[PDB]
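Asks: Structure provided below as structure tokens; questions to follow.
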Amino acid sequence: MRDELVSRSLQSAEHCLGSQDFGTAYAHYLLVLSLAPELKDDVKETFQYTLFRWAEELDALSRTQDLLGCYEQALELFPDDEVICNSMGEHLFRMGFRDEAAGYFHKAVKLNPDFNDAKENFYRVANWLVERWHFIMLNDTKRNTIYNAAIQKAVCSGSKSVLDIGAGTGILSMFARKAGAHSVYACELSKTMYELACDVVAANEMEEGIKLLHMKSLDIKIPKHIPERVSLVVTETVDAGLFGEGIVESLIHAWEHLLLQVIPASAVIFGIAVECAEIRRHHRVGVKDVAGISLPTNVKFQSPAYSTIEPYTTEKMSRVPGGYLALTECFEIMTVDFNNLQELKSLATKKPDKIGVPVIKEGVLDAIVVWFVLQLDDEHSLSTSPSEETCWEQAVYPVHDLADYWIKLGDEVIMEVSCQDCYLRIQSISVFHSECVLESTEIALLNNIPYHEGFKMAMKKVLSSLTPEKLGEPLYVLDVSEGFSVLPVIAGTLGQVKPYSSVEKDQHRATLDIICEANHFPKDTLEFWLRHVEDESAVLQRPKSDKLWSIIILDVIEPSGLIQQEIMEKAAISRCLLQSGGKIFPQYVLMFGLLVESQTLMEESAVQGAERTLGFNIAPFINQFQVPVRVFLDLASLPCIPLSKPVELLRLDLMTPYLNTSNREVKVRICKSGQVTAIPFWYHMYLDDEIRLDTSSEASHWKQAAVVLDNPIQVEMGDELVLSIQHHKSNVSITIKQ
Ligand SMILES: Nc1ncnc2c1ncn2[C@@H]1O[C@H](CSCC[C@H](N)C(=O)O)[C@@H](O)[C@H]1O
């Protein structure tokens with residue numbers, strides 16, 4: 001009764017499926033599969049479904065506890081099966097368990113290193129886990145050298161017990177240990193960071209006096225974790241705005257619990273007022289008419305200038321597209337002594353304070369650029385000014401709501417400063433002349449005029465071509481652009497047009513209707529197509545009738561610089577909903593790129609060996625999380641050396657299916673001798689065969705991307721290389737051959 005008496009579990013699991021019961025079905029399928037390897041492929045997909053829905057049931061009951069073990073059993077049943085590994089990793093990633101799905105993606109890649117989707121998902125998980133700026137920090141030789149010198153000077157002064165807050169890779173704890181610290185303790189909130197910090201400390205042979213903890217500093221207890229109050233506290237929990245990573249609260253906790261009567265010792269914040277057209281394009285709507293659509297003055301847009309995410313942006317002002325003008329002189333904003341618990345407490349209960357700065361160059365007030373000097377001690381200090389090429393960035397406070405932004409010689413800039421929520425907040429920015437929440441990409445979209453001009457022209461062309469008078473009931477226009485878009489309002493002016501906007505914000509819909517009224521629109525015209533209860537994007541149907549669409553504005557390019565996923569599938573869906581003459585915008589897309597030499601991209605993607613880290617071996621452990629593509633790039637101010645001519649890497653036709661090829665190859669003319677390190681790329685969107693939008697143009701809101709290489713390639717002027725390009729459904733892969 002071992003062979004026959006089995007699949008009664010299967011016949012009961014069918015009944016359980018009929019009753020929406022997945023636990024009994026999962027257990028029955030476990031019984032059937034673990035007793036019959038012959039059925040592993042017969043009920044593969046049904047078991048997959050059963051386990052997915054049972055895991056959803058378990059997550060609804062807050063039973064991750066056993067959900068992870070259930071997924072582990074599912075793996076145990078199927079050994080080398082990269083398909084199940086990948087699919088289950090995506091299901092774990094979807095439920096919010098990235099720290100756990102990372103291992104499943106790693107195993108899926110280990111079973112087949114050529115699995116496309118496995119690697120393309122592992123890169124997502126690694127980008128979410130390890131943060132990019134870490135790579136820029138470990139490669140800062142100046143930062144590492146100065147921190148090592150300061151920690152050594154502190155240890156030689158009598159500090160034998162050192163605690164590292166925000167240890168990350170544990171390189172600061174290793175600096176302390178190598179300097180001769182007796183007791184070294186480190187803490188890091190991230191699971192993955194603790195994970196590879198263990199590896200780094202072990203391989204560098206320092207697990208003796210370095211005790212690692214997986215917790216925030218605010219969770220440390222004495223003597224439960226560390227046995228005593230330490231004599232030294234090191235940390236690098238600082239950002240562009242210093243307080244952005246919460247050093248104040250952590251150091252208040254450290255002085256109140258874990259310290260004897262701190263590196264860094266102090267900080268002096270400096271600021272300046274800058275003119276910059278790019279910052280203005282990203283954080284201020286300059287134009288008041290958008291291709292014939294008048295924006296009313298009572299509807300004022302703003303960027304995330306908050307009043308709880310950062311109320312400022314971060315920019316590398318040392319390489320801003322175009323440049324920047326210093327309208328004033330570098331002036332002090334505040335000073336923080338990290339060896340002052342009184343001041344650290346008073347900053348929370350501190351009221352704002354005003355500062356006035358004179359103008360030295362007449363221009364346009366566009367932003368407030370803020371950096372700081374981190375005083376490790378009386379000797380060592382690290383600056384983050386744009387004149388210094390370090391790893392850090394500069395904080396940028398935008399300037400909203402002023403009658404005139406022109407400042408002259410003799411005027412001042414008056415501003416309040418406050419650190420009331422441990423976040424550097426500069427407010428009340430005004431100029432005494434001497435006697436909607438749109439994102440940065442949305443602001444730059446409104447500021448981008450050629451986009452709207454070309455869209456209006458192509459829309460008018462197609463609409464007039466579809467009207468019966470020239471073809472020999474109003475026309476329907478669909479806009480599925482992700483975010484704010486005035487394209488439906490533009491289309492509404494071109495005759496009997498029914499525009500549909502997929503914008504999902506209530507605020508944005510109200511604003512679009514107010515703008516329509518400002519343009520004397522019948523309010524019934526602009527209909528908002530936010531249709532769903534829980535759908536990712538506005539899934540594509542026809543209107544209330546099957547009267548097929550005339551114009552469908554798809555979203556093809558992600559503002560990160562990559563091609564937006566499910567593009568060809570959504571285009572194939574949309575092609576069936578067009579009438580005999582309809583159009584999908586864009587009509588096609590040409591992906592262009594070139595080969596360059598950039599040390600900047602190399603050091604942005606991965607760590608450059610023990611050179612930068614001063615002997616300590618950290619690159620092999622952290623470069624496991626390096627990704628092949630840099631996103632959100634401005635090729636306008638990219639520090640590199642071009643090595644070839646820009647060529648077409650890909651074509652993507654959205655009206656024609658059978659065109660968009662797969663494994664294409666391109667021959668590239670190497671027109672300069674050097675070292676290929678990366679492949680930047682951008683796009684040209686052809687709406688009409690005449691009209692073209694250049695995503696690399698300095699008026700575009702989009703960003704460019706770049707495939708960064710692991711090992712730089714040596715080439716000479718006159719050589720010709722080959723590039724293999726794959727458009728795998730929702731991803732683009734660019735590999736090289738000599
Ligand atoms: N109070 C705290 N306790 C533990 N980790 C913290 C923390 N505050 C911030 N962090 C984390 O520490 C990380 C900083 S890494 C900064 C230092 C760098 N890893 C080095 O040793 O050279 C951030 O990812 C942040 O999330």
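For the structure tokens, the naming scheme is as follows: chains receive sequential letters (A, B, ...) according to their order of presentation, residues are indexed from 1 within each chain, and ligands are indexed from 1 in presentation order.
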Write out as JSON lines the residues of chain A that have any atom within 7 Å of an atom of ligand 1, one row each with the nearest atom pair and its distance in Å to one decimal, counting only C-alpha atoms and all ligand atoms, sorted by chain and then rising number.
Replies:
```
{"residue": "A:134", "atom": "CA", "partner": "ligand 1", "partner_atom_place_in_ligand_line": "19 (N)", "distance": 6.7}
{"residue": "A:137", "atom": "CA", "partner": "ligand 1", "partner_atom_place_in_ligand_line": "22 (O)", "distance": 6.8}
{"residue": "A:138", "atom": "CA", "partner": "ligand 1", "partner_atom_place_in_ligand_line": "22 (O)", "distance": 6.6}
{"residue": "A:165", "atom": "CA", "partner": "ligand 1", "partner_atom_place_in_ligand_line": "3 (N)", "distance": 5.1}
{"residue": "A:166", "atom": "CA", "partner": "ligand 1", "partner_atom_place_in_ligand_line": "12 (O)", "distance": 3.3}
{"residue": "A:167", "atom": "CA", "partner": "ligand 1", "partner_atom_place_in_ligand_line": "21 (O)", "distance": 4.3}
{"residue": "A:168", "atom": "CA", "partner": "ligand 1", "partner_atom_place_in_ligand_line": "19 (N)", "distance": 3.3}
{"residue": "A:169", "atom": "CA", "partner": "ligand 1", "partner_atom_place_in_ligand_line": "19 (N)", "distance": 5.0}
{"residue": "A:170", "atom": "CA", "partner": "ligand 1", "partner_atom_place_in_ligand_line": "21 (O)", "distance": 5.1}
{"residue": "A:171", "atom": "CA", "partner": "ligand 1", "partner_atom_place_in_ligand_line": "21 (O)", "distance": 4.9}
{"residue": "A:172", "atom": "CA", "partner": "ligand 1", "partner_atom_place_in_ligand_line": "21 (O)", "distance": 4.8}
{"residue": "A:187", "atom": "CA", "partner": "ligand 1", "partner_atom_place_in_ligand_line": "4 (C)", "distance": 5.0}
{"residue": "A:188", "atom": "CA", "partner": "ligand 1", "partner_atom_place_in_ligand_line": "4 (C)", "distance": 3.8}
{"residue": "A:189", "atom": "CA", "partner": "ligand 1", "partner_atom_place_in_ligand_line": "5 (N)", "distance": 4.3}
{"residue": "A:190", "atom": "CA", "partner": "ligand 1", "partner_atom_place_in_ligand_line": "26 (O)", "distance": 6.4}
{"residue": "A:215", "atom": "CA", "partner": "ligand 1", "partner_atom_place_in_ligand_line": "4 (C)", "distance": 6.0}
{"residue": "A:216", "atom": "CA", "partner": "ligand 1", "partner_atom_place_in_ligand_line": "3 (N)", "distance": 3.5}
{"residue": "A:217", "atom": "CA", "partner": "ligand 1", "partner_atom_place_in_ligand_line": "3 (N)", "distance": 3.9}
{"residue": "A:218", "atom": "CA", "partner": "ligand 1", "partner_atom_place_in_ligand_line": "1 (N)", "distance": 6.0}
{"residue": "A:235", "atom": "CA", "partner": "ligand 1", "partner_atom_place_in_ligand_line": "17 (C)", "distance": 6.4}
{"residue": "A:236", "atom": "CA", "partner": "ligand 1", "partner_atom_place_in_ligand_line": "17 (C)", "distance": 4.5}
{"residue": "A:237", "atom": "CA", "partner": "ligand 1", "partner_atom_place_in_ligand_line": "14 (C)", "distance": 5.1}
{"residue": "A:245", "atom": "CA", "partner": "ligand 1", "partner_atom_place_in_ligand_line": "9 (C)", "distance": 5.8}
{"residue": "A:246", "atom": "CA", "partner": "ligand 1", "partner_atom_place_in_ligand_line": "8 (N)", "distance": 6.3}
{"residue": "A:247", "atom": "CA", "partner": "ligand 1", "partner_atom_place_in_ligand_line": "8 (N)", "distance": 6.9}
{"residue": "A:250", "atom": "CA", "partner": "ligand 1", "partner_atom_place_in_ligand_line": "1 (N)", "distance": 5.1}
```
Asks: Can you tell me, as a PDB file with C-alpha atoms, in the first residue's frame, what residues are no more than 10 Å from residue 99 in chain A when counting only C-alpha atoms, ignoring any on the same chain fewer than 6 positions away?
Replies:
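File around-v3.pdb, as written:
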```
ATOM      1  CA  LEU A  92       9.008  36.935  -1.956  1.00  0.00           C
ATOM      2  CA  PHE A  93      10.227  40.281  -3.325  1.00  0.00           C
ATOM      3  CA  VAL A 125      17.368  43.372  -4.963  1.00  0.00           C
ATOM      4  CA  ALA A 126      21.041  44.358  -4.703  1.00  0.00           C
ATOM      5  CA  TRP A 128      17.611  48.027  -2.900  1.00  0.00           C
ATOM      6  CA  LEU A 129      19.925  46.400  -0.333  1.00  0.00           C
ATOM      7  CA  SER A 190      21.170  46.722   7.857  1.00  0.00           C
ATOM      8  CA  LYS A 191      20.995  42.931   7.719  1.00  0.00           C
ATOM      9  CA  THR A 192      23.091  42.650   4.551  1.00  0.00           C
TER      10      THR A 192
END
```
Asks: I'd like to know which of A:528, A:423, A:185, A:625 is closest to residue 543 in chain A, using only C-alpha atoms.
Replies: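 Looking at the shortest contact to residue 543 in chain A, the residue is A:528.
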Asks: By how many Å are CA of residue 687 in chain A and CA of residue 573 in chain A apart?
Replies: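 Answer for the CA of residue 687 in chain A to CA of residue 573 in chain A separation: 18.3 Å.
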Asks: Using only C-alpha atoms, I'd like a table of the residues in range 81-187 of chain A that come within 7 Å of range 584-607 of chain A; for each, show the closest atom pair and its distance in Å rounded to one decimal, ordered by chain and ascending number, as a tab-separated table.
Replies:
```
residue	atom	partner	partner_atom	distance
A:135	CA	A:607	CA	5.7
A:136	CA	A:604	CA	5.6
A:138	CA	A:607	CA	6.6
A:139	CA	A:607	CA	5.9
```
Asks: Export C-alpha atoms of the chosen residues as a PDB file, in the first residue's frame?
Replies:
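So the final result, stored in out_24.pdb, reads:
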```pdb
ATOM      1  CA  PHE A 135      30.983  52.570  -3.178  1.00  0.00           C
ATOM      2  CA  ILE A 136      31.888  56.256  -3.438  1.00  0.00           C
ATOM      3  CA  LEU A 138      35.129  53.296   0.247  1.00  0.00           C
ATOM      4  CA  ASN A 139      36.933  54.693  -2.814  1.00  0.00           C
TER       5      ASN A 139
END
```
